[PDB]
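Engineer: I have a structure here, written as structure tokens, and I will follow up with some questions on it.
All Cβ positions, even for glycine, are placed from backbone atoms using ideal geometry, and neighbour counts span all protein chains on display. Here, each number is a calculation from the coordinates, and none is a lab measurement.
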Amino acid sequence: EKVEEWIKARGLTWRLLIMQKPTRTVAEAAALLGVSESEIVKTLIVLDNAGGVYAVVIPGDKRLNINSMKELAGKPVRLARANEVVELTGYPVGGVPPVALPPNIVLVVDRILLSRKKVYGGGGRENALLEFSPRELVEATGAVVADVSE
């Protein structure tokens, strides 16, 4: 609901696609949509050691470059554990969206995604994928573009 309401409020053309059964891996999501893993993006929650929380969107075929986030944050960082992801965002582990998150969370988008017109991220539920444009996401949120994947 929150993700759909967010899209409508910004007047964007993004859509929620529904998987009959939730996917368990990035490979499965890419295959079912007929795209590549790099087009299935994950919203990773990252925590610094002073209460800071970040949502970092990266290609599905990469992993977070921790050192890069430490440099961006300017403080020691780590990945939020699964229970922390749910607690701090209000969304399920496999459905964390890149928008409509609590306002304290800082959004970071990996620049390798910017040339892609369409990607599929967390839709707010384990079985929903958000079809969106990385550039539109950045423009709408003021997100920080960085090199945070490896």
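Engineer: How large is ³J(HN,Hα) for each residue in region 8-21, as worked out from phi by the Karplus curve 6.51 cos²θ - 1.76 cosθ + 1.60 (θ = phi - 60°), to whole Hz, x for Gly and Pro?
Structural biologist: 4, 4, 9, x, 8, 8, 4, 9, 9, 9, 10, 9, 4, 10
Engineer: Related question: Sorted by packing (mean other beta-carbon atoms within 10 Å per residue), highest first, where do 101-107, 19-25, 89-95, 43-49 land?
Structural biologist: So the peptides 101-107, 19-25, 89-95, 43-49, ranked by packing, come out 43-49, 89-95, 101-107, 19-25.
Engineer: Suppose the chain between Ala31 and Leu114 were pulled fully straight at 0.36 nm per residue; how much longer would it get relative to their current alpha carbon spacing?
Structural biologist: 27.7 nm
Engineer: Tabulate in residue order the Karplus-calculated ³J(HN,Hα) for region 22-32, using 6.51 cos²θ - 1.76 cosθ + 1.60 with θ = phi - 60°, rounded to whole Hz; enter x for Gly and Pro.
Structural biologist: Computed from phi, the couplings for region 22-32 are x, 7, 9, 9, 5, 4, 5, 4, 5, 4, 5 Hz.
Engineer: For the chain, what relative contact order do you get, as a whole percent, if you take Cα pairs closer than 8 Å and at least 6 residues apart? Spell out each step's value before the answer.
Structural biologist: Numbers: 288 pairs, mean separation 44.0, N = 150.
So the answer I get is 29 percent.
Engineer: Also: Would you list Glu1, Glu39 from fewest to most Cβ contacts within 10 Å?
Structural biologist: If I rank by nearby Cβ atoms, fewest first, I get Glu1, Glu39.
Engineer: Using the Kirkwood radius over C-alpha pairs as Rh, can you work out the diffusion coefficient of the chain via Stokes-Einstein at 20 °C, viscosity 1.002 mPa s, in µm² per second?
Structural biologist: The estimated diffusion coefficient comes to 141 µm²/s.
Engineer: OK, next. Any idea how far apart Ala50 and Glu4 come out in nm if each label point goes 7 Å out from Cα toward Cβ?
Structural biologist: In this crude label model, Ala50 to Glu4 measures out at 4.1 nm.
Engineer: Another one. Quick one: Karplus J couplings for region 66-75, per residue in order, coefficients 6.51, -1.76, 1.60, θ = phi - 60°, nearest Hz, x for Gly and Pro?
Structural biologist: Here the 3J(HN,Hα) series is 4, 4, 5, 6, 5, 5, 5, 5, x, 8 Hz.
Engineer: Follow-up question, since we're still on this one. Looking at the chain, send over the antiparallel percent of its DSSP beta bridges, to the nearest 5.
Structural biologist: Of those bridges, close to 70 percent are antiparallel.
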